[PDB]
Amino acid sequence: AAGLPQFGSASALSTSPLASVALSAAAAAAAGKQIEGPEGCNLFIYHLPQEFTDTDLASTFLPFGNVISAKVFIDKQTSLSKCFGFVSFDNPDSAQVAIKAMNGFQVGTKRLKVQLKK
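Under the numbering used here, think of the first position of the sequence shown as 8, with each following residue one higher.
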């Protein structure tokens with residue numbers, strides 16, 4: 008071939024008669040919301056297990072314009088539920104107000120620690 012391939016997009020992987028394929032686990036990096044923006048309105052919270060998603064916090068504070076959310080799940084093996092989420096606000100002080108004035112994870116009995124950083 009000419010040696011000119013097209014990249015940038017993930018293509019489908021078909022199976023082959025070769026059989027015997029090595030399976031490996033991968034940790035995708037998806038951000039609860041829109042791409043990154045101007046920092047200064049960001050918040051780091053840590054209260055709940057892996058079930059804590061970044062999208063919930065972003066949505067709540069959303070006046071917090073450019074919304075970039077990520078999450079950090081923590082469990083020793085499978086049975087430990089303690090964890091934190093990361094959020095990144097890129098907007099006027101309004102996003103800042105979202106962070107100081109608002110906790111980020113409520114569970115029937117849990118409250119997330121919202122630590123503000125501008």
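C-beta: ideal position from N, C-alpha, C; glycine also.
Beta carbon of residue i nearer than 8 Å to that of residue j
i: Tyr53; j: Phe80; result: no
i: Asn49; j: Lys120; result: no
i: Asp82; j: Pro45; result: no
i: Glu58; j: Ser95; result: no
i: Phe93; j: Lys117; result: no
i: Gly115; j: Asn98; result: no
Straight-line Cα distance separating residue j from residue i
i: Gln122; j: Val74; result: 17 Å
i: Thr62; j: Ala37; result: 11 Å
Neighbour-count burial assignment, residue i, 16 or more Cβ in a 10 Å radius
i: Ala105; result: buried
i: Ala102; result: buried
i: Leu64; result: buried
i: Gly15; result: exposed
Residue(s) in a DSSP beta bridge with residue i
i: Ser76; result: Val94
Closer than 8 Å to chain D by CB, residue i
i: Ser23; result: The structure shown has no chain D; it contains just one protein chain.
### Task
May I ask you to verify whether the region 56 to 69 touches the region 105 to 115, counting CB pairs closer than 8 Å and requiring at least 3?
Yes, the region 56 to 69 touches the region 105 to 115.
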